[PDB]
Every structure is written in structure tokens, then in C-alpha cells.
2 protein chains.
Amino acid sequence: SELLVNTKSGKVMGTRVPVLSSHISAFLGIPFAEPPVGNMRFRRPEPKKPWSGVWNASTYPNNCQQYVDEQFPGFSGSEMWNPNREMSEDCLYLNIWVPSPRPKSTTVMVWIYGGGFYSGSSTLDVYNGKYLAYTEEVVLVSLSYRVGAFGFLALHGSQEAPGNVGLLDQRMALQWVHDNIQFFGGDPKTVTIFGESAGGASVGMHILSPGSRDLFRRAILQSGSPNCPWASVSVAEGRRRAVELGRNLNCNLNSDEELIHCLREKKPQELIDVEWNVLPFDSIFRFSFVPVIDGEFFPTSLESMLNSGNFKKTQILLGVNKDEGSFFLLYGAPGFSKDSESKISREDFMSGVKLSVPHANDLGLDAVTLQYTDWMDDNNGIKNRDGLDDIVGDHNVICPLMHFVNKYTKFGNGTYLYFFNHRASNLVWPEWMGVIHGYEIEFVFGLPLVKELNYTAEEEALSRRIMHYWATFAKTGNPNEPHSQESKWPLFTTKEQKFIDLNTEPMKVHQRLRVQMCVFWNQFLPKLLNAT
Amino acid sequence: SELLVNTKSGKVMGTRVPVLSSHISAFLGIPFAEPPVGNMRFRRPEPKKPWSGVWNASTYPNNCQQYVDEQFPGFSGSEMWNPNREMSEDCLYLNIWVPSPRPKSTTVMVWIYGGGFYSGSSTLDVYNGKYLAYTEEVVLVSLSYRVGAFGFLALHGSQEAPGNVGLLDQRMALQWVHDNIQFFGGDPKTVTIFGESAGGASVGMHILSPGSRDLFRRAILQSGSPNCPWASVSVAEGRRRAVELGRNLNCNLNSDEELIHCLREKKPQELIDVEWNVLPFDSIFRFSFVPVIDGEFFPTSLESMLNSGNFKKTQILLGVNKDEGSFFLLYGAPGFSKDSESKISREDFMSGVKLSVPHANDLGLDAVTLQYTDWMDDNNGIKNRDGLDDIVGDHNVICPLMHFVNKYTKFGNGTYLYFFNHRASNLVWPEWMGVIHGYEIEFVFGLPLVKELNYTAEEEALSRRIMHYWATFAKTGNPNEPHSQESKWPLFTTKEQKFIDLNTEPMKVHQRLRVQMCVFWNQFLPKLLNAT
Ligand SMILES: ONCc1nc(CCCCNc2c3c(nc4ccc(Cl)cc24)CCCC3)ccc1O
Ligand SMILES: ONCc1nc(CCCCNc2c3c(nc4ccc(Cl)cc24)CCCC3)ccc1O
Ligand SMILES: *[C@@H]1O[C@H](CO)[C@@H](O)[C@H](O)[C@H]1NC(C)=O
Ligand SMILES: *[C@@H]1O[C@H](CO)[C@@H](O)[C@H](O)[C@H]1NC(C)=O
Ligand SMILES: *[C@@H]1O[C@H](CO)[C@@H](O)[C@H](O)[C@H]1NC(C)=O
Ligand SMILES: *[C@@H]1O[C@H](CO)[C@@H](O)[C@H](O)[C@H]1NC(C)=O
Ligand SMILES: [Cl-]
């Protein structure tokens, strides 16, 4: 049949889901690794052993064990990113949408969720892939990987807890796509991985990792990049939090073997319930267990691999939102509220600044501070709040990404930069928060295109042509069509550094995104902190 | 007789000079100290021994031995600043302009010329006092003092050459006014010292120095401050420069007594011809022999005195011109030409900042560089040259002065702060230089009132109300005439820190003069340089 597909590990039976006026096929909850439980917690995935009979793949799988944001109970804006199914350690499954009728050898887009490496689900309504697969005639996969200590606890040296097993999870799913997408009419040669935030850092790290480079063709990165300050740790600091996690749970601490055996007997939510107590600073936009630079998944430092060009050469498409930081100030920084305008007394501004650059010394704090205040109007509660919003956005996403897009372009074969800044009309958060981190994703996944979600006609259009940009990029490596009258989105080149606005107005090209603050962030303050 | 006056040191006979279709009496080249010649070179002045007979005081006196600028031979724009009389170590003479008829007891303003403490004459055309004494009915005095090595060679411990003796020439002239001004109808209880650049710095340092506090009433400072980075040095630097001068002339360098011996046998121009070989770095806006923070004239460091309030509490009148640095880049930094727009390429721009901040470590260099660079336009010749202008303007005048005006206002009895930014219509220099360092002086001294000098009628008005500001402040301690119709120059207060624009247009009030750059130059960069 059409809804029956026979992979190299077993048969699976999908379901005919409707999407706008029509229907397509979906195969949800497909196993791709052996469940990682018991003795297998903190270890590299093992490929799912083959099954007999037909795997019922008609409902979403479980979500992985993860922290559950309860700051705003009932609030859709925060609830929409929480797990929506049961949470098991048995969670390494993927989902495929196939256009109906099944095409032969078509482009494949693998989605990779983010969530700071501490949270995120393959099964959220925002990652519902039926719209984009259908409208742009692509095969859409969305994978899953372990998060928090489950995915990234790291005792380098031990093979029982090496670290980066979450990235190894998503490489196994990619290797599953490589061997089975052809049985869904996916072309294993036209595979595009794409991810947001942690998921975008992840995309970046596969571009860098020699063990992952052959499992895909191209890459999209949204508001995330492999070199972000929150996105990695040294083995030493990785070890330290691993060890202190043992200390919170009154574990034996002499050797990794004893430590891990102690940590493997704890119920999963005992781990989640102390996961934040291992961070070295009072901070915003930092997460406890993240990828390690161990030397195996990452040959050397990310900077050196960028400099030597020791990475995958292909075309990348990538960009950032306008207000990356507003979400993280609302959760961790004083003076900000969901229900107020959040003007910020200057005293809170300093508290906010020291939170945003936890690692800086005093002199660097002053540099960050002088760099972002209007000294004709320092007690202006708005300019301070926008002040902080730009600090955490520029520090944690934008300037890290731009450093990556300049480094990569010296060696890549194509680069398209975007700047998404569309305040949705139906959005739930207050206006001060602007274009929220993560809220480009609705347009990528075509959610403006169903009329029951009450979007304006414009955001629909903008969603349809972002999907086309993404899809066309995934097919041809160029988001523009060759006929297509208007309006070509220019290559990003080392000398001219062009990019485009994603929003409801006619597209405009710009040069040097945030060059001024990014010189501060990528060259100067690094220099200040090294020498002081 | 009106032109014959009996002072405490002897009888003086003056001259009846015409002025603007009237006349007044001037007393020129009046001695106030013993000539500091032979064994008196480098030593503290001694009060002029009383003479017999009548001193023919109708001609200007000699100028001090000083460097002479030959960069543009014949060009009035620079020869305006060079000595216009013969030069001699016998140069310590003041000049008096008395209204006619003689006042009974009227205000006295004492001009203190600048010239980087290396140059300057009381007898320049632009310091002709007849116009302002005539127009605002004040007793105008114009003093002199040794400059460069003659005025500030500094070997602490040695009382044959202590340092600061150029400033002591000033104070001896100041006490001469104290004791004798009453005989010209001046009031020693209403004396206003005022000077420009090196002069303004000096005016500044008499309000610090205890031996000076009681020799005047008020203080006007123009484009100069005691705390200027070029305005002083330590004993250690002052001695090493004294010693390096001896090295440049084959002097005996074992003791000071032999050192100073050797130096007083050298002919004055032999000191001038090597003067500059002694600076520590290839720089701009720095000068060889300047005041020393010795512990006698200056009891402690300038900052401690500013913080502790250890200075004289009075009313000050001070301010700056719009483009203090343009003159100094024309003479010292690559790519500036007098006959060009001096569009600055970027490689010359950073030669510029290095020359501009000679004491900066490299980390300080990038700090300065990124704060004056439009990184969407780094090869914009204009903005680079405009940029470099601001750097040396802000670093050497603007921001030091604002530091002083805020430090002082915490303790004085009235601050009035100005921003001169009128480009004189008949200016000989090219327009890229703007409101050049030193060219408010023509308006202070009323030259636009001379018709043959071809100033615009609007320039005449600005000169007239500038001298009134100056003169009205010199008597009342306040620029304005109370309960009069003209718009009113507001006090500078610690909280609102207001100031006004001097120019042909109706008066504007502004707030915080160049705070953002000044926060950099006054709080952050100094902090950056302490650390390693
Ligand atoms: O901001 N400080 C705290 C803070 N408490 C809460 C309260 C609810 C769960 C607490 N869980 C967390 C803890 C800490 N940091 C966290 C950062 C982001 C997030 Cl979502 C949870 C964190 C550091 C160590 C203590 C726990 C919510 C947000 C929040 O930020
Ligand atoms: O920077 N302007 C002018 C400038 N002229 C020259 C030569 C022309 C006049 C000589 N006298 C000078 C010397 C030195 N530095 C000076 C700085 C400012 C002034 Cl006025 C005169 C200076 C450095 C050591 C050598 C002599 C050389 C370098 C230079 O920079
Ligand atoms: C597949 O699983 C769904 C989920 O409960 C169930 O409703 C459906 O009947 C199952 N189909 C078969 C053929 O087992
Ligand atoms: C990509 O590579 C091909 C062949 O290696 C080359 O001709 C083309 O110019 C490259 N394009 C870019 C944008 O790097
Ligand atoms: C003073 O000097 C001037 C300048 O030469 C001269 O004209 C005048 O007659 C002199 N007066 C006396 C009394 O010597
Ligand atoms: C100056 O001092 C007097 C008393 O000494 C005081 O009444 C007055 O307010 C002060 N003026 C200023 C401008 O500080
Ligand atoms: Cl200009």
C-alpha cells in the first residue's frame, strides 16, 4: 500500500492526515534507536533493533525527560513550547510527513527542535509539518534527541558518559534518514537539516563535525549557531557540573564509575529537579548540560575549525529575529514583567547587565554598560529596557551568528542571511518583547495558512514565501527561482555582506547586519577579557 | 597727568592710543620682575628692583625665547601666532590698558596667553587690549611668562631649577597687579584672570595653587583646563626630560648642579633647536616642558584637589570651541593638508589615533578606535577625518574641561559654561578645520569691531555681546545683567549641567556637553589603562 512502508528495520503503517482542503501521509513515532534506559542512560545511542510485523506509526511518540516551564500556567505563549505528550526516557523516535501521492526521490527537510539543550519536543503544534510538506512538495522529517543531563552530562574519558550523546542521537536519526527516506520517496541526496536556537547550534555542529558531514547536503540555521556562548562547555567545566550534579543528589564522587552508577539509579525527575543548581553563575541565557568540546565529535576548538575551514562546504541559509533577548529577560532579569511595559530603573539595568554577561570581569561590565546606554538620558526606563534586550540578543545570538556567517563564507559555496522582524498581529506576549525568539517558526511551518488560527492575509503570504524560500533553498541551494520576476534575495559575500528583511513589506537588501555592536562583541570585548 | 603714574617700583609714562574713533591710555612693556638671565635662568623670578626716573612705557616689550613656527612661511593664519617683536630672555613685562578718562576703582581683567607652554606673546595683534578695555570700561592687563625650557625645566630637589617657574612669573605679575593696579584706576579686589589653551590651563592652576588663590577674584577659562593631559607631568618625567635635554647638548649628567650649569651656558636658541627631541613618543598635542606636579605649587595631585574641594571657591566662566583638534592634526598627522579636504584613508586614520593617544596600550588603542568609527562606512574619508578631529578635540580639551567643570561645580559659587562654534567668515584656513582652536579670541578682544578687518555685521554683534558677557561676568560674577531683556545664560548646576552656544544665532541652552564621549574619556578609558 501507500501508507505501508517497509524500512530496513521493519514495516511501519502511517495514517492519512488532512491538511487544508486535502490530505497527505504521516508516519509518526518511528523508532530510530534502542530505548536508552537503565544501564544505557548517558551513553551513545544504539540503532533500533529490527522488529517483526507492522509498527503502528499513527500517533506522535513520547517527549523526552525535560524541565517543564510553569512560570505562566495556562498561558499559551509559554505552554506552546512545553511537552504535549507523556515524557519517557524511551523517547528517540522521529516523524515523517509525505506528500500524497508519494513522489519519487524528492527533497528532504529534517527539523531539529531547540530549547537550550535542556528542553524541546518533536511533537509540538508549531513543528506540525503537514503544511510545509504539502505546500512545497517536500518530505519533512522531525527528529528527537535527549536533552538536559540525559543528553549532555559529560565525564570525558569515561565511555559510560562521554557527552554529546544528544548530538549523537540526532546523528543516528540522520543516519536513519540516509537509509530509509528513499522508501518514503525521499531523495537521500537532497537532505536539508534545519533547526532553531539550540536546534540551530545543532545544525552548526553537524556542519563542523566530521562524523556528521556526509549525512546531509545543506543547512538552515535560525537564531542559533555552533559558536554561541551558551551552546558549549569545556570538558573541565562539563566535568565540574557533572560532579556537582552528583553532589546535589548526595552521590558517591570518587570515580566516574561510582558517580554514574549512582546517577543511573535516580528517577529522571530527581535529575531535572536539581539540573539548574550546577550552573557556575547567576545568569540569563545559560543552561546546565550542553555540548562538550571533547575532541572526538569536535576535532578541535570551534574557532580553529572555522579558521582553517575544517568544516562541511556547502550552502547555508540562516538568520535571526529582531528581539532575541526579550524572552530571557522576562524570566531571569529584574524589573521585567509580562503584564507591564517593563520600564527598567537604571539600578536594575546594572543588575540586568551583570546577569547577561556572567563571565565578564568588572572592566568588561563597564564596557558592556557604556556601550549600550544613551548618556544624555540614562534614567529613561525604556532606553534601558531596549538596552538590555539588545545586549542579550546581540551577545547570545546575533553577533555569534554573524561571526559564524563571516567565518563560514570564506570557505562555503553559498550564504543567504536574513533578519526576521515581523511583530505578528495575533501574538500573545506584550509589545515590549517585540519579535520574540522562536516566533519565526510559525511562518516556516506554515501556521498562518489555516484560517482558524486567525492570522492576517499578509502573514499568510509571508509564511508562504518563507516556506518557498526554505523549500526552494532545500531543492536548489538557492532560495530564488530562476524565472520568478521579483525579487532576488542576494548572496552574502565576504566584501559586500548583503542580507534581506523578512516581513510584510517588499523585500529590501541591507549590508553589515549589526556590524557596530558585533565588532564590540566579536572582537573588542573578547580582547578586553583575555587581557584583563 | 593721566599718562604718568607712580607705582611702588618707579614712575611709568604711558601713551595715548586711538581706538575706534576715540582714544585711551596704554602702558606697555612695564617690568614686573628682574630679568631671569645668566645665573637666573631656570630660577624663581625675583621682583623688579625699583628704578629711578621715568620708564618710557609706550612700546611693547620683547617676547620670550620660544620656538617659532615656519611650517607655512608668510601665511597670516600661522604667523598671527608667532612673536611680533624681538626675542630675549629679558621678556617679563606686563601691559595695561586704562580707559580715558581714568576710572576711580574699576574692574581688572588680566590676559594670560597660551601656546602650549612652549610659545606665546603678550604683544600679538590679536591680544590688542585697547578694544575691550575701551568698549566695556575695564582696566585690561596682559602679562608674560617664560615658556618651554626657560619656563619649565624641572629638576625636583634642585632649587636652582625647581620647575613651574613659568607659572611663578605669572603669579609675580599677579602680585604686581595687586600692589599697583590701583594707580591706574583698577580695583585689586575685582581682578579676573583669563587665558586660552595654555593660558586657560594656567588660570585653572592658580585656582588650585594656594600661593595664587588670593591674587584674583574670578576666572575665565577658554579651551584649557588644569587637568589637561598635555598640561602637566610628574617630577620623574619632568626630570628625565630635563636630563634628556642635557644629553642632546653633550652636558655633564652626573649631578644637577653641573647639568644646570652646562645648560645656562648654552645660547637660548641652542635650547630651542633641540626642545622637541625630548618627548617620549611620536605624538600630537604634547609639549616638552610643561608644569610639574611638584608638591609645592601643587600641594597634591590635581584629582585629589578636585575631589577634596582643595581649591578656590569662586565663579568661573569657561568653554570650548567646536573643533579644538583640527589645527593639531594639520601639523602632525598623516593625510591632513592645508590645501585639501584631508579625506583620511583608514590606514592613516589609525596612524592618527596612535599619534593621538600616545600613552595608550594597544587594548586602549582599539577602544579609542571603535568608539569613533562608523563601521558601516570605515573608508569614508570624511568621517575618518571628522572622526580623528573629535578624538584629539575630545581627548585634549573638551572632556578634560568638562571633568573640571563638574568637579569644580561641586564647590564653587557659580559656573557658566559655553560652546563657541562660530566659523569666522574671513577665516583664512580651509573649511575642514571648522571652529579652530584659538579663534574665539578675536571675538573676546573685539577685533570684529574694526571695519577694515572686514567682519560681517553679524560677527560684530557676537563680539560685542561676548565681551559684555566676559566683562559683565568680571565685575558682577555673572554673565548677565539681571532684570534686563536679553536672553539669559543659565548657571551650570550639578544636576542639570546646562550650557549655551556662542554664535550669531539667538541663544540656545543645551544639557550635558558631549557626555557620551566624555564618559569614555573620563571614566572608562582611564580604567582600561590601569588594568592588565
Ligand atoms: O532565574 N532564576 C531562577 C528561576 N526560577 C524559576 C522558578 C521555577 C523553576 C526553577 N528553575 C531554575 C533555576 C535557576 N535558573 C533557571 C533559569 C531558567 C529557568 Cl526556566 C529555570 C531556572 C537557577 C538555580 C535554581 C533554579 C523560573 C525561572 C527562573 O529564571
Ligand atoms: O607634529 N608637528 C610637527 C612636526 N614637525 C617636525 C619638524 C618641523 C619643526 C621641528 N619641531 C618638532 C619636532 C618634533 N615634534 C614636533 C611637534 C610639534 C612641533 Cl610644532 C614641532 C615639532 C619631533 C622631534 C623632531 C622635531 C617634525 C615632526 C613633527 O611632528
Ligand atoms: C494504531 O494505533 C491507534 C492509536 O490508538 C489505534 O487507534 C489504531 O486502531 C491502531 N491501528 C491498528 C491497525 O492497530
Ligand atoms: C560553488 O562551486 C562551484 C564549483 O566548485 C563554483 O563554480 C561556484 O562559483 C561556487 N559558488 C559559490 C557561491 O561559492
Ligand atoms: C618713548 O619711545 C617712543 C618710541 O620711539 C618715542 O616716540 C617717544 O618719544 C619716547 N619718549 C621718551 C620720553 O623718550
Ligand atoms: C554663593 O554663596 C552665597 C553665600 O556665600 C549663597 O547664598 C549663594 O546661593 C551661592 N551662589 C551660588 C551660585 O552657589
Ligand atoms: Cl567640520
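Residues numbered from 1 in each chain as written, not as in the entry; some residues may be left out. Chains lettered and ligands numbered in written order. Heavy atoms only, no water.

This entry, as listed in the PDB, derives from X-ray crystallography and reports a resolution of 2.900 Å.

Here's the deal with the overall build of chain A
How we decide: Only DSSP runs of H or I reaching four residues or more are called helices, and only runs of E reaching two or more are called strands; each is numbered from the N terminus. Based on C-alpha atoms, the radius of gyration is set beside the globule rule, defined as 2.2 Å times the residue count to the power 0.38. Relative accessibility under 20% of the residue-type maximum defines a buried residue, over 50% an exposed one, and the middle range a partly exposed one, all with a 1.4 Å probe and only protein chains included. Per-residue and other accessible areas were derived by the Shrake-Rupley procedure at a 1.4 Å probe size, with only the shown protein chains allowed to occlude residues.
Helix and strand counts for chain A come out as 16 helices and 14 strands. Relative to the 2.2 N^0.38 estimate, which gives 24 Å for 532 residues, the radius of gyration of chain A is 22 Å and therefore close to what a compact globule would have. Across its three principal directions, the C-alpha atoms of chain A cover 70 × 65 × 50 Å. Counting every position in chain A, which comprises 532 residues, the buried fraction comes to 62%. With the model as given, the accessible surface of chain A reaches about 19800 Å², and the carbon-plus-sulfur share is 49%.

Details of the sheet that holds strand β2 (residues 11-13) of chain B
Two pairing modes exist for strands in a sheet, parallel and antiparallel, and in both the strands are linked by backbone hydrogen bonds. Residue and element names in this part refer to chain B. Convention followed: Here, strands pair whenever DSSP counts at least two bridges between them. Comment: axis = line fitted to C-alpha atoms, over the contacting stretch for helices; angle = value between 0 and 180 degrees taken between N-to-C directions.
Strands sit in the order β1-β2-β5 across an open sheet of three strands; the sheet is mixed. In this open sheet, the two strands that pair with only one neighbour each are β1 (4-6) and β5 (54-56). Averaged over all adjacent pairs, the angle separating strand axes in this sheet is 25 degrees, with direction ignored. Of the strand pairs in this sheet, β2 and β5 are connected by three bridges, and their pairing is parallel. By the bridge assignment for β5, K11 is matched with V54.

Quick look at the relation of the copies chain A and chain B
Rule in force here: The fit that places the copies together is a least-squares one on their C-alpha atoms. Throughout, a residue-residue contact means that at least one pair of heavy atoms, one from each residue, lies within 4.5 Å.
Superposition of chain A onto chain B requires a rotation of 180 degrees combined with a translation of 0.2 Å along the rotation axis, giving an RMSD of 0.3 Å. Such a combination of turn and shift is consistent with a two-fold rotation axis. Rotation axis and chain A: the residue whose C-alpha lies nearest the axis is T532 of chain A, separated from it by 3.2 Å. Both copies present the same face, since 95% of the interface residues in chain A are matched by interface residues at the equivalent positions in chain B.

Quick look at the pattern of salt bridges
Rules: Salt bridge, as applied in this entry: a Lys or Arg side-chain nitrogen positioned within 4 Å of an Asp or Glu carboxyl oxygen.
Per the counting criterion, the structure on display carries 43 salt bridges over all chains. For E34 of chain B, the salt bridge identified is with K48 of chain B, shortest N-O distance 3.9 Å. Here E34 of chain B is found in the loop between β4 (22-31) and β5, whereas its partner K48 of chain B is found in the loop between β4 and β5, with 14 residues between them in sequence. A relative accessible area of 22% means that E34 of chain B is categorised as partly exposed. Each member of the salt-bridge network shares a partner with another, and the members are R43, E160 and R264 of chain A.

Focus on the interface of chain A and chain B
Defined as follows: Here the quantity called buried area is the total loss of accessible area, with a 1.4 Å probe, experienced by two parts when brought into contact, counted for both. Identification of polar contacts relies on pairs of N or O atoms within 3.5 Å, with a donor-acceptor requirement for protein atoms, meaning one able to donate a hydrogen and the other able to accept it, and with residues adjacent in sequence counted only if both atoms are side-chain atoms. Polar here means any residue other than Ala, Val, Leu, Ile, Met, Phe, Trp, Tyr, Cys and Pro, which are nonpolar, and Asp, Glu, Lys and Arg, which are charged; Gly is therefore polar.
Across the boundary between the two partners, chain A contributes 21 residues, which contact 21 residues of chain B. Here chain A packs against chain B, burying approximately 1800 Å² in sum over the two surfaces, 66% of which is carbon and sulfur. Summed over the three residues of chain A that lose the most area to chain B, namely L370, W375 and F524 of chain A, the buried surface amounts to 31% of that side. The tally of links from chain A across to chain B stands at four salt bridges. Across the pair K527 of chain B and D366 of chain A runs a salt bridge whose closest N-O atoms are separated by 2.7 Å. One can count seven residue pairs in polar contact joining chain A with chain B. Put simply, the parts of the chain that give the side of chain A that touches chain B at least two residues each are α12 (362-372) and α16 (515-531) of chain A. Of the residues in the side of chain A that touches chain B, the class split is eleven nonpolar, four polar and six charged.

Quick look at the nonpolar core
Put simply, the test is: Nine residue types can take part in a nonpolar core, namely buried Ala, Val, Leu, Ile, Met, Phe, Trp, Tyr and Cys, and a core is a set of them joined through side-chain atoms within 4.5 Å.
Within the largest apolar cluster, 365 residues are counted, with the highest numbers of intra-cluster contacts made by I96 and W470 of chain A together with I96 and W470 of chain B. When residues no more than four places from it in sequence are discounted, the contact partners of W470 of chain B are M109, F194, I220, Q222, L317, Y418, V444, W489 and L502 of chain B.

A few points about the packing of aromatic side chains
All names here are of chain B. Our working definition: Aromatic pairs are defined between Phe, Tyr and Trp rings, using the six-membered ring for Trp, whenever the two ring centres lie within 6.5 Å; interplanar angles under 30 degrees are classed as stacked, those over 60 as edge-to-face, and all others as tilted. As a reminder, the over-ring test applies to NZ of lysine and CZ of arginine, requiring each to be within 6 Å of the ring centre and within 35 degrees of the ring normal.
The tally for this structure, following the rule as stated, stands at 90 aromatic pairs over all chains. Ring centres of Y67 and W276 lie 5.8 Å apart, and the angle between their planes is 80 degrees; on these two criteria the pair is classed as edge-to-face. Taken together, the residues span a long stretch of sequence, with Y67 in the loop between β5 and α1 (76-79) and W276 in the loop between α9 (268-272) and α10 (302-308) at a distance of 209 residues. Seen from the ring of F72, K338 lies directly overhead, with NZ or CZ sitting 5.6 Å from the centre.

What about the UniProt feature "active site" in chain A?
All names here are of chain A. The condition that has to hold: UniProt positions are given in the numbering used here, feature names are shortened, and annotations may be inferred rather than shown by experiment.
In this structure's numbering, the residues bearing the UniProt feature "active site" are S197, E324 and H437. In summary, the annotated positions, though distributed over 241 residues, converge in three dimensions, the widest C-alpha pair being only 9.8 Å. As for its position among the elements, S197 is in the loop between β9 (186-196) and α5 (198-208). Classification of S197 by relative accessible area gives buried; the value is 4%. Residue contacts for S197: discarding those within four places in its chain leaves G115, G116, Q222, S223, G224, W230 and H437.

Observations concerning unusual backbone geometry
Residue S487 of chain A follows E486 of chain A across a cis peptide bond; omega there is 0 degrees. Take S487 of chain A: it is sitting in the loop between α15 (457-476) and β13 (498-502). One non-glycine residue, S223 of chain B, adopts positive backbone phi at about 50 degrees. By the element assignment, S223 of chain B lies in the loop between β10 (218-222) and α7 (235-247). The buried category is assigned to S223 of chain B, whose relative accessible area is 0%.

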